[PDB]
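Okay, so here's the structure we're looking at.
4 protein chains.
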Amino acid sequence: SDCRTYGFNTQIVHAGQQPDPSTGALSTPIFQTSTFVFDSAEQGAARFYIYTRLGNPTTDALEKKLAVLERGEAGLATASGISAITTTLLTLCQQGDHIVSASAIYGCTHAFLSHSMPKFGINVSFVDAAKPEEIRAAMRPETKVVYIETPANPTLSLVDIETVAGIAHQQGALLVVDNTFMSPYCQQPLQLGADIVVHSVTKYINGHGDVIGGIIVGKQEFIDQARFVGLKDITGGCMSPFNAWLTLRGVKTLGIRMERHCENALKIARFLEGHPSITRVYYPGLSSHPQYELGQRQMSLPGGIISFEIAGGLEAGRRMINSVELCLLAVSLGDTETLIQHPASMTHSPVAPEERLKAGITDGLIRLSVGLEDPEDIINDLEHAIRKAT
Amino acid sequence: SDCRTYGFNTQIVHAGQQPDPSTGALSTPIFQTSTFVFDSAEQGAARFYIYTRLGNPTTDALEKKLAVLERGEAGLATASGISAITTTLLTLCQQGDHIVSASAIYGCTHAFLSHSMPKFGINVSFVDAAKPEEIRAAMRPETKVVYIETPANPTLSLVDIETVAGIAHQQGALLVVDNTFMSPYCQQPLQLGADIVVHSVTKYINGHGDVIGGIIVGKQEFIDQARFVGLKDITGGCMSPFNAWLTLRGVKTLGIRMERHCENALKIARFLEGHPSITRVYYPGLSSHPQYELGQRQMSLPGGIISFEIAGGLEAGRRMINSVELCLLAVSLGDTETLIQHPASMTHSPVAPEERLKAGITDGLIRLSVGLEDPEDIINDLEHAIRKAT
Amino acid sequence: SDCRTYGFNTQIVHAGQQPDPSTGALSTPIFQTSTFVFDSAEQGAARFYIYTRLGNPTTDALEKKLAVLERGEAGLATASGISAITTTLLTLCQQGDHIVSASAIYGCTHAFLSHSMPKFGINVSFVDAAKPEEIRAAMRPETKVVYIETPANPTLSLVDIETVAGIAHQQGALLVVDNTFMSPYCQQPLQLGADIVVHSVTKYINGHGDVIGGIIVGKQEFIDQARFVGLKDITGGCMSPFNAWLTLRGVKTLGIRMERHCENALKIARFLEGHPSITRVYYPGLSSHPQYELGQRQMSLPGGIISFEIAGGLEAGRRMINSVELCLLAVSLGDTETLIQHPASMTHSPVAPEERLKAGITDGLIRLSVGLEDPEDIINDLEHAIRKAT
Amino acid sequence: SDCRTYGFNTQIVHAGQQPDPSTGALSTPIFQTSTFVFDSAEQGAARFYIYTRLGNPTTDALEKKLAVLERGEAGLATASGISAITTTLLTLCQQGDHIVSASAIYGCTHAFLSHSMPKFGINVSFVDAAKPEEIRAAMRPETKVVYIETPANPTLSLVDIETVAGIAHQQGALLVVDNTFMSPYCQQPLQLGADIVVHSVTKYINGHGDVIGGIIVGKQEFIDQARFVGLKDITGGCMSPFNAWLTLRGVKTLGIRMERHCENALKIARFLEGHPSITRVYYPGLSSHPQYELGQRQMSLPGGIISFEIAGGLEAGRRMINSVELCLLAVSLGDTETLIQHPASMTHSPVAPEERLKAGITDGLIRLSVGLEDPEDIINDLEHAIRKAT
Ligand SMILES: *Cc1c(COP(=O)(O)O)cnc(C)c1O
Ligand SMILES: *Cc1c(COP(=O)(O)O)cnc(C)c1O
Ligand SMILES: *Cc1c(COP(=O)(O)O)cnc(C)c1O
Ligand SMILES: *Cc1c(COP(=O)(O)O)cnc(C)c1O
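Chains as they are written, first to last, in UniProt numbering: chain F, 2 to 49, 56 to 397; chain A, 2 to 49, 56 to 397; chain H, 2 to 49, 56 to 397; chain V, 2 to 49, 56 to 397.
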């Protein structure tokens, strides 16, 4: 049979994997090796597995699974989400090329695009990707890539993938989408015209807060270049077989995890929207979200991340996060535990307040990654902390 | 006490490591986490461990140990040896800069320098680094780095680190040395004036054929840039904590392994030099090596790698590797098992024979990574195969 | 706060665990050590962690979590489910003691009780535990333990835990319940009067088909004896820290997994009950189950295991399992993949047919462990295979 | 070829292992699975791998390697050294049987034999096994097993394996030898007439202080019973595949480790014997050892463990261990780090002083497990601490 014909939950469990033919072992073995042996001089030349830096059976299973889930031809695992992004863009671009990027992107990605790319002669124009006309207006004869993230932090704004793909393609560029926030269970950019999808598997795909890693999915021709040039000759961004095996294990529960994350998040978002100490709640599942209908067409679920603004600015946000007893203070997302952060007092404390404001980070903004706990316990913890903070 | 005051074997065992203060666990715990939690808003801002992509306690132990062993200030672990090299060079260089590199370098490194760097506007001049005058003559006002490997494949030629460091420094450049072949047990480039040392830990440092990884050692100021810019904003070349833990475990036996590798290799090299079917033997421990005295000053042991040429060219080399029963056919080195390869029929089969010849790869050249088996068994296997092949 | 006060899903995620105080690492570190160090002679005497055979911080987290989930005082992890059972019974019993056991128990447990115990002078009487009067009638002055499993293979019959606990206690014996089939998410024997619960974590608790292990939960006084005598001085049945860490990771999703297993199983059970080629379907969620109302009081969900009888006996059962394309042929249960077996042709093939019949294993009986795939795909596979087999 | 024909170092590296046929992976894959799948009903019956509790390809490699190294037919891996011992003895013995055991045995083994065995109707007579006549005099018609350890703590006394084997066999009993202290590199009890060898792999065989585990080696007929009855139906003492893989990795360096341990230990023993503050030194490599010549015939090296008595009794021993700066205070042995303990103040502090004295534990006795550090550093640390303590 062919895994690409089964339902999505069946694919989550089985795609890319099968019992070991030699032993019958059901779990994918951990091929924690650096060296592969040849039977003869002739077999060594013909292969020219050889070396985990080229490929590995455990990692291959993960790559094939994620390719099935994103409806792409091929996958390539990497050492980190950032390595997935930079291996992709450094494979595609050289000195003199140009990229149009969303401004509302992950912080580390922004640093790569704003400082590292221009030092290699690759220029980047940042635009508001919620306005597809700004993408069009920034495209140049040298533009190779349009780069977007959706939903995007810190207010969970959206980008219309299908519309942007059509613009990029008419002007001769590829569209790369960072799909980390959604996972393939909730959004499928390649089905909407994107050429390449990248993820930090560190978040939902692994889901267990114990793996740093990335994945790239796209056409075989591109993935072959990302592997044999990008990984081999540029970043050296290999995923270890053990991390691939842990990610395979974590992704087995992706469907049931995303369903529970999103069911919990919708309940919490509605609680916050009814709370008179909370000025704003940013969540694609609330009908007041400015791009609500686009989200309903593009995403199968509204996600597990919420942002919200607490009354009273910086000191209220600090008092709030210092008053939670169950939510844990951390900067990651997509884990089984609920995580909370207050950027203005945590990650962006040395940034000038007016510079945070232009970046959409108000003094009272809190970001919540909703976990698998009972939502009543999460709501009770938030209610306890909000009441204290105000 | 201070680990930097003890003998080298003591440092191999103990440097960078101590019993866990919280539990007393002797083994370094495997901190297989992506997320680190803060106790309050204030602690989260002060730290701005946070995230394994920034650092991790297991990986920190490995970095500190290797810094002690190379007599450097700081270490930085990476996803692969190639990532150690490219994270280093992409941190140091930008569009318009220049590198002088040895020509006799690892194949993948050559591909990065010959094809990837120039596409980022970084030019590279390749020279014969056994001739320090060629390094001097190639240096330009824009030269930021001189890059060398010693010993170098395929004939185990050497580079005079101290002399080259003095030339590089007089002309305002840094010297980067790939010390993979030797390990810090046998050669210490920083003590001879190199600025930065890189290794593929995939070889001797781990030693067990089950980890792909790299390490960078140098001054704190540079390592901080390689970590917070190179890894964070360019390659995303993180080492996983489990790979760091395996490398810590493998390096515990580095001293006893290198002693046995080199004792075995010297016996095998002398056997091959006495064999009338073997035209040449390349090994720094043989007094006929063209740079023998330099090797005796620069290396504490002559290493575990041998190359040799079998009579009868391509078909004899193929028959030989097809006739071994104990040596395993593979392209890695530094494992506990003896590994053998015949480049002209394996890795370089589609390369034009006259192009292999200019690269020092003759049709009869065999490379041997000597393992920890009884040398009598290795010699008997080689003798059996050589006699058949001729 | 106290984890014992939160909801059950919150407890699944958080109980027994917290961020590492020394580093903030969110994931429980893998303390893969054999040795623990003391700061002084005095600290070494006071502790007399010391040695993973006594205890280990990773394994302690798992033990504490499972104790919370079963509402018991303490937990003890073991090398296998069988070791959990034998460490328990060999701690409790000595030469001259007696056990009353259900006859419908796991095969390996039956072998221990029928052959191993009597060779140590410990006698066992087997009874039909669906009939509590048979338990009472078999109790002797020497009876130390009543041992039950519920639901029990092969027809998923039940045992009334509360009623049996009252009988055992009136006659001075302890009740031990193997709760593997249900997990603490679906049944809590200690809340119904059982004294000790054992599990094979190999099944649902880990859930990922990659760990062999057991756990014991009960009063602190008993668990201390099971640890310091049973494990230390009898079975030497330690769980490795890595297996404990994997089980901690697997149990994070126990609630969402059990919900999906049981939702899928109920759909499949109803499909089979409507199928004219299927003579019988054994599933606690079907109202025709002989102990249906007891199951509704004692179990929060009817479970993920189904047994059923296909028309046409031995050859139909063999043709059926040889015709599935998605279900995998295996003898375990509780994995994320759907597993199927036909005992009469697989595990019990050399047993006399009339001896299988008395054991409740008819020639046409199939056992199904329902996984996390789309139930429509599982049903389509079963329908395809049943139609072929008949 | 056949691994049993090669030299011992070659066997250490290669025995039981080969490149994976399906992939060529050189490292033995980690088959971290609980479940094995069958291709058809017929293959499932024929096998009746099936289940890691029966066997596993990773663990099988370790078992085969250790069988080669001990010159035995078959091996069986276990959860701990204690499980290797109890699985062996509980397989061999039943109610009414008798064991003659050395008195100078590992503490936990003594507890099993003195308290657990008699509660199962199995009687044990303890004798001074340095006097083979005491073994003979204690044998009864019911004696099934003679059990010995050599060298034996706390004074490293010896037992003449060959002489004791002949006595046991003439009287119809099996000889079981715990060979943990020596490893197969230094002593081979089966070659001297022992029937079964057990080890705690926790010590030298793994060697890296990060695995708890055991191994049993003997005839195929016995090992089959220890596996299919002892492990399956009594102790449930399975080794996890990951622990087996780590032990395979650790044992690769067994030969070079034992050579360095013993070279270091002999230097340290001679230093201590020349020290006027040290009243006695117990080490088989010193010619004053009471069984020196027996040790030279039976052991290829004198081992890595030393015991010694410091002048000044209990308080001097406590001051000494509180004054070391490099040696670590711990109760294990066979690790790469040097470990030290003072039983009278650490492990035996609540034992009556006259009861320790009869057990050979004087108030001033120190036990040292010599590691792989520079021996000059170990000697300097001991000298520093001894001078302070006196
Ligand atoms: C966390 C994240 C990344 C970075 O991935 P890493 O695995 O941390 O390198 C990139 N994009 C998004 C949207 C992320 O959330
Ligand atoms: C193997 C090797 C490398 C590459 O290291 P990887 O870990 O394979 O990326 C670089 N330099 C030398 C000298 C090597 O032998
Ligand atoms: C599988 C099972 C066991 C045995 O557990 P192991 O981990 O295989 O030793 C015991 N009881 C039940 C109900 C089981 O399903
Ligand atoms: C440590 C030891 C044991 C016990 O082994 P574990 O792996 O700790 O269960 C048994 N015998 C000897 C000689 C030992 O040193």
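Positions of the beta carbon are idealized from the N, C-alpha and C atoms, including for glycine.
Chain H contact for residue i (CB, 8 Å cutoff)
i, result
"F/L379", "yes"
"V/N250", "yes"
"F/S28", "yes"
"F/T343", "yes"
"F/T11", "yes"
Neighbour flag for residue i against chain C, beta carbons, 8 Å
i, result
"F/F49", "Absent from the structure is chain C; the protein chains it does hold are F, A, H and V."
Pick from the options that is closest to residue i, judged by C-alpha positions
i, options, result
"V/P161", "V/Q101, V/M146, V/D167, V/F188", "V/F188"
"A/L389", "A/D342, A/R277, A/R363, A/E362", "A/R277"
"F/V204", "F/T34, F/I92, F/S35", "F/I92"
"V/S87", "V/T116, V/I373, V/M146", "V/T116"
"A/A136", "A/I129, A/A145, A/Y211", "A/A145"
"V/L346", "V/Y299, V/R363, V/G319, V/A272", "V/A272"
"V/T170", "V/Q305, V/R234, V/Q19", "V/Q305"
"A/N213", "A/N250, A/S2, A/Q232, A/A159", "A/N250"
"residue 54 of chain H", "H/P309, H/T29, H/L301, H/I230", "Gap in chain H between 49 and 56; residue 54 of chain H lies inside it and carries no coordinates."
Local conformation of residue i per DSSP, three classes
i, result
"H/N130", "strand"
"V/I57", "coil"
"F/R78", "coil"
"H/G45", "helix"
"F/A201", "coil"
"F/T85", "strand"
"F/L73", "helix"
"F/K239", "helix"
"F/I92", "helix"
"V/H355", "coil"
"V/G25", "coil"
"A/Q348", "strand"
Residue i at chain F interface by Cβ criterion, 8 Å
i, result
"V/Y7", "no"
"H/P20", "yes"
"V/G25", "yes"
"V/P64", "yes"
Contact with chain V by residue i, beta-carbon distance below 8 Å
i, result
"H/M353", "yes"
"A/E332", "yes"
"H/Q33", "yes"
Beta-carbon separation (whole angstroms), residue i vs residue j, contact threshold 8 Å
i, j, result
"F/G82", "F/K71", "6 Å"
"H/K151", "H/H105", "7 Å"
"F/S339", "A/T36", "4 Å"
"F/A318", "F/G371", "7 Å"
Closer than 8 Å to chain A by CB, residue i
i, result
"F/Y58", "yes"
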